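For reference, the structure discussed in these notes is given below.
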Amino acid sequence: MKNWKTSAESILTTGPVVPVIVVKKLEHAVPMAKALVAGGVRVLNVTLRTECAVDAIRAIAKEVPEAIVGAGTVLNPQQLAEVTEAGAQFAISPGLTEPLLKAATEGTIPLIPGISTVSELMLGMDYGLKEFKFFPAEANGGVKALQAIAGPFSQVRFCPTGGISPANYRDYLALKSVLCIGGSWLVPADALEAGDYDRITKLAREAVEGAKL
Amino acid sequence: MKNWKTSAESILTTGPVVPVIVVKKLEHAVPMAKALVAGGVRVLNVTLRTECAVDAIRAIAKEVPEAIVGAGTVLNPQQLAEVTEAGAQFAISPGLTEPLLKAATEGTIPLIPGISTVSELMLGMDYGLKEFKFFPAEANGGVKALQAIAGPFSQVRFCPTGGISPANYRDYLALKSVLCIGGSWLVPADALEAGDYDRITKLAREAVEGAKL
Amino acid sequence: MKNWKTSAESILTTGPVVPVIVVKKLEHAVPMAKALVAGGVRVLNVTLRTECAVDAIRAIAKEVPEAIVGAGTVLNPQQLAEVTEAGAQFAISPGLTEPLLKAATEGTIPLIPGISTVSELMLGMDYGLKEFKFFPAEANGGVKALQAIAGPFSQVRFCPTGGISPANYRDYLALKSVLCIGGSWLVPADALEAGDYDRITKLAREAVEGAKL
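Residue numbers (PDB author numbering), protein chains in the order written: chain A, 1 to 213; chain A', 1 to 213; chain A'', 1 to 213. A prime marks a further copy of an entry chain.
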């Protein structure tokens, strides 16, 4: 698994759900995280979609020692550099690029990049990768699609994201090739907006519970 | 926006519809264009799918000063060179390649290249682009799909093409991330074949009118 | 068609169906092939998905002189080297990569690589290719999809694979841009498992017969 401090495998096998977080106000990051954790969810993915995602990754790293925090929507080696220094323990990207793969392979934290087509998977596999966001899952054809896609690649394992809700997420967790999924429902904007971490903790717990049979 | 005489933004915001043109006979190009224009449609896209697309781009450039003419189905830097010298004001491609992006970034006119996956978008974004054909729109999953696809990229704007008719085109023009669409219905082969520009002018006007609320 | 001993065109036009083979036991390869052939099917595609695909390609090459044997799920130039030396007459891949294209273009046998998006097609077209697996066909949107995809590329011809059965395969063989298809139904695991080549021969014949009108 390269020059990486922890392996992409380990991030993706920590639990069934990785929350896809858009944090608008800096002061919410830390408690949000703890609520998440308190509710049994440890792999936090802060999307670089807000003005101060990095500040939030940075504080979650510093203050929530028990949470594995990483960065999503990482698009280029600069953003990768930036988030690695903020203290990101892994990165996720929506799709892959020769640079971003080159750079990630060179840096100190695992990157689980998004794919849609087999050509895409193959390119990332060329750089030694074996773990992938599959995104946008639903839109990409969902379950049936990913099974076709994983037909020729028995070694590779995914984490689907994009349109995954309580309603379909078990259909995904059911597949051989899926370790976990990413969704946005554990952190709704309006709960963040309103600091009601009571509610975040529970949406999380229910997500982790609802993930068995 | 690079070393480009006019910006990709400006082409795509000129109006709601960009006609996707397949011109078989050279003598039809010019009047076709004027009919188009007369019917309020100014961004002409001549597809390099006919034996004398370039001759047509060339004459439209020379004679229809009020029309913004460009080239579609541009596949490589050669064809890009060729159409730039014919007087093309922009190019569109069905999908993107490291070369074709490299070359376009180097030349004198904006290229709005087609994408389907986020990895594709990202590669073109690496070269500084922010405007994209999204193609083939329908087949690619259509509306729902493009919204997922544009989830992580709030800055980027599309122009969908591929299966877009009077029936669905407003569903697209409705999206935040869509400036305009491309369709083939304003220039039907049989109208071209038959020189009935009366009809082209009107299909165009109705397209531009039917694009509000 | 490059420095290739036989052209990609010729492989794909040999017949309508190319079987997609997963051979688990070495001793089955040869008779399987002959049954196939005996049933009028000559282009054999042994997928590099088993522990001894190469050994099987190798023996089919040596012993079934009348069968055109090739390798599927070829993912990198190494595997390409390997299978070329085993005696593979062509390769197929699930999707394409700059390396794998570079390397194939350099070697001695045609590679018909899988695509899903037009950007993908275009990249392979950059290296002079004109023949493509379209994969996974169904999941990729199927028929409608491939027609859109082949809209701008009248020269290119496909061989769809991925979800193709007796039920849909004529819908595909019907398209201008399709020379043939790939499916797994002519070689079912349990027939291989059980050496009942009686049955393989016939599933093949019926496939070739059922491919007319």
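Virtual Cβ for every residue (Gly too), placed ideally from N, Cα, C.
Could one say the Cβ of residue i lies closer than 8 Å to chain A''s Cβ atoms, at least one of them?
i: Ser116 of chain A; result: yes
How would you list, in chain order, the residues of chain A whose beta-carbon sits under 9 Å from the beta-carbon of residue i?
i: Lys144 of chain A'; result: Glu138, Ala139 and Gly163
i: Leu121 of chain A'; result: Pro94 and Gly95
Answer yes or no: does any C-beta atom of chain A fall closer than 8 Å to that of residue i?
i: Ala148 of chain A'; result: yes
i: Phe135 of chain A''; result: yes
Tell me whether the beta-carbon of residue i lies closer than 8 Å to the beta-carbon of residue j.
i: residue 215 of chain A''; j: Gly15 of chain A''; result: This structure leaves residue 215 of chain A'' out entirely; chain A'' is present only between 1 and 213.
i: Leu192 of chain A; j: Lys62 of chain A; result: no
i: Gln89 of chain A''; j: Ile109 of chain A''; result: yes
i: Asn45 of chain A''; j: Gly182 of chain A''; result: yes
i: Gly141 of chain A; j: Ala139 of chain A''; result: yes
i: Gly87 of chain A; j: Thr47 of chain A; result: no
i: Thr117 of chain A''; j: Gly151 of chain A'; result: no
i: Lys212 of chain A''; j: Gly128 of chain A''; result: no
i: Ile92 of chain A'; j: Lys133 of chain A'; result: yes
i: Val30 of chain A''; j: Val69 of chain A''; result: no
i: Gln147 of chain A; j: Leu175 of chain A; result: yes
i: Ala67 of chain A'; j: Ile60 of chain A'; result: yes
i: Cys159 of chain A'; j: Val22 of chain A'; result: no
i: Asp126 of chain A; j: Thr84 of chain A''; result: no
i: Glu27 of chain A; j: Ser119 of chain A'; result: no
i: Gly124 of chain A; j: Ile115 of chain A; result: yes
i: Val208 of chain A''; j: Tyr172 of chain A''; result: no
i: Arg170 of chain A''; j: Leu12 of chain A''; result: no
i: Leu186 of chain A'; j: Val41 of chain A'; result: yes
i: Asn76 of chain A; j: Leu101 of chain A; result: no
i: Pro166 of chain A''; j: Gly195 of chain A''; result: no
i: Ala35 of chain A'; j: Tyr197 of chain A'; result: yes
i: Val20 of chain A; j: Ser184 of chain A; result: yes
i: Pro136 of chain A''; j: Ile149 of chain A; result: yes
Quick one: is residue i near chain A'', going by C-beta distance under 8 Å?
i: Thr50 of chain A'; result: no
i: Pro152 of chain A; result: yes
Which residues in chain A'' sit within 9 Å of residue i, going by Cβ to Cβ distance?
i: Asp126 of chain A; result: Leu75, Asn76, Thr97, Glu98, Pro99 and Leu100
From the DSSP output, which residues share a beta bridge with residue i?
i: residue 283 of chain A'; result: Absent from the model: residue 283 of chain A'. The displayed extent of chain A' is 1 to 213, so no value can be given.
i: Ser93 of chain A'; result: A':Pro113
i: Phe153 of chain A'; result: BP columns for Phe153 of chain A' are empty, so no partner.
i: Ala71 of chain A''; result: A'':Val46 and A'':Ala91
Ranges of the beta strand (DSSP E) found wholly within the stretch 161-198 of chain A'', counting only runs of at least 3: Listed in chain order, they are 181-183.
Pick out the complete beta strand (DSSP E) segments inside the stretch 7-64 of chain A', 3 residues or longer, and give them in chain order. 17-21 and 43-47
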